[PDB]
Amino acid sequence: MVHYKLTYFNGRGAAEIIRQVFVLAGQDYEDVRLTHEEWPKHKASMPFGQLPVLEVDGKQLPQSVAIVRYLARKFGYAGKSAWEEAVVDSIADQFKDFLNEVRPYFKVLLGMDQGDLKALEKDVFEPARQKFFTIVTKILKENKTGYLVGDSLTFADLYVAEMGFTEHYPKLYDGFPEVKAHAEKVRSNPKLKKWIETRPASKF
């Protein structure tokens, strides 16, 4: 009845979680994937000249987390009480800072930078992986449902469990089997399982 259109580049990136809420919700949307080469024809048509962008019966919503929170609330995956929704927010925010403090080492194998790789692993990435994964393992333990917050999936689950696709690092949750099992349990969800089985492979 309601038409949603998601516009992003072809691949996972900043639009994957948004895809995931649509998937969890049983919700039928148009996933428009644009080439880097096509992108300048639609660029000026976006809010901040940026992707991803959501349209809801023709109204534009920019910015990845905005859109994730927006869809999650309307569908029931943002948290079960208002306090829980902020908790959910605070964990998505914290994971995101883990993402940022970890980019410069994400590329020194992937696409760009020219550094001692072993001493970025060890002076950036690992004391960063220690921090967050010990945080996550603590939250799991206290909440005791297998899930991060309450006992149904939230988008905070979606964000951390999806970083399992960086198996460019096989030893990612080595000293952290509780983290590893969270992301098995999230992706063991049936709607998502079949999504990750039938979604386009990408490098990004």
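Numbering starts at 1 and runs along the sequence shown.
> Quick check on the record: does 171-179 or 65-73 carry the larger mean Cα temperature factor?
That would be 171-179.
> With respect to the C-alpha temperature factors reported in the PDB entry, which of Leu158, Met163, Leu148, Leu51 ranks highest?
Spelled out: the listed residue with the top C-alpha B-factor is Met163.
> So where's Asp89 on the chain's Cα temperature factor ranking, which third?
For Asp89, whose C-alpha B-factor we compare with every modelled residue in the chain, the answer is the lowest third.
> Quick check for you: using the entry's CA B-factors within this chain, is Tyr8 in the lowest, middle or highest third?
According to the entry, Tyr8 has a C-alpha B-factor in the chain's lowest third.
> Can you tell me whether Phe133 has a C-alpha B-factor in the lowest, middle or highest third compared with the other modelled residues of the same chain?
According to the entry, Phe133 has a C-alpha B-factor in the chain's middle third.
> Quick check on the deposited entry: does the C-alpha B-factor of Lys144 sit in the lowest, middle or highest third of its chain?
Its C-alpha B-factor belongs to the highest third of this chain's values.
> Hey, what third does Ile18 fall into on Cα B-factor, ranked over its chain?
It falls in the bottom third of the chain.
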